[PDB]
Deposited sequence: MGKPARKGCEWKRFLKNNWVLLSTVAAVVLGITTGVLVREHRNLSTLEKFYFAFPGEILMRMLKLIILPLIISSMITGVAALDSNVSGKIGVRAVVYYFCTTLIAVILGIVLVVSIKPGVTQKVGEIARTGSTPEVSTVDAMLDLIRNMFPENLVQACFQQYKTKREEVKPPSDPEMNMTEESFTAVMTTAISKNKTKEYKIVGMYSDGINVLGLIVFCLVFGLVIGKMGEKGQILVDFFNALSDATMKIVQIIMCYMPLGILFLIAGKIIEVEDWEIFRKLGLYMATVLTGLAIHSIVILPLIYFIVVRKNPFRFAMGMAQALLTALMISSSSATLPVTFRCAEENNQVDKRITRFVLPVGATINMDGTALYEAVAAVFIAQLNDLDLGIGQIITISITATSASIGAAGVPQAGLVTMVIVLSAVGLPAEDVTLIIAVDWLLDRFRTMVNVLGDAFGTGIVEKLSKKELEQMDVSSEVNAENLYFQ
């Protein structure tokens, strides 16, 4: 069974082979020939074509994915189980993002061993853009300029700079999907159009991901050619330790705390009841393929009713992703600290809004998370070409992210069950 194993596990095997070949190619080139500044640019050309192909696809991706995601989410929510589950999902995703931001600006991996009033208003000025086609490639920014005729008086001058406006497209696609999801039959052709557009965009993303290992091979070789000291391995170790301690103090402290405030039972017996689901999510790395095991572990081991589980588990396997959100926040601030920049209070809120509302805008596909890392890094303006320092270590943390996601919706069943008990009686008598 040699060819079947290659056909089953092509993604992880080809990523690992690309990283190994890129490291040994950069080592064998660095110890055989020097390279000038110009021929260090022609050597990292397939990585440049990959970074162009990844930024090509995010503009149909966020539009189609946000519209169909919030339309299907408006369709799935029916009564009072739906609103409670959705409020729970977005509160825990926001708590995970805030925990990740706090941990990465406190530990600071990557650093070497103005007026905030204007930035927090350019945020709201970028949520409502003045043009919907210019929001696809250019952003707004205001500066304070002094005026000339005893006191010092200024005024505010705004201008449009280059780079895509992700907040404006996210907010307009949210409002547009909520509008066409509520029109009923008169707006079904729009929902079908954007559903087919989302499926076509995910197929093109799969084609780009089939190209990807050649690009990351030449990118990793071009990274380790110019590296002279063994310093960035320490920064990658600290980044992996930051993501792992974020998932550790999110699955152990915060989510049992929420279960103890709401349900007021013992959360650790509940976590011990779901052992086989977490073991399966460690073994196979999908939250949707772990689903029958967590149905079995929440239904017959824990005393959770089936009528609530049937809604909370299959919907929470696709829009409740806490570990991926913590990962994307920590990785975006790590790439920002690696390039010797400083994030303000506008770029941190743009990271925290883009990473929260990307559970909707990833279409529930495992082979798209890299593209989400290009969205967040293009939501604030960072160079995306350091993304190749995260794909090298992604296969070490993917399983732990899956475990944190599955533990999130597994706790969510019990929390939503204890939160609303009147509706089960109302549906049990009639």
Q.
Missing C-alpha coordinates: which residue stretches of the deposited sequence does that apply to?
A. 1-9, 123-135, 172-195, 477-487
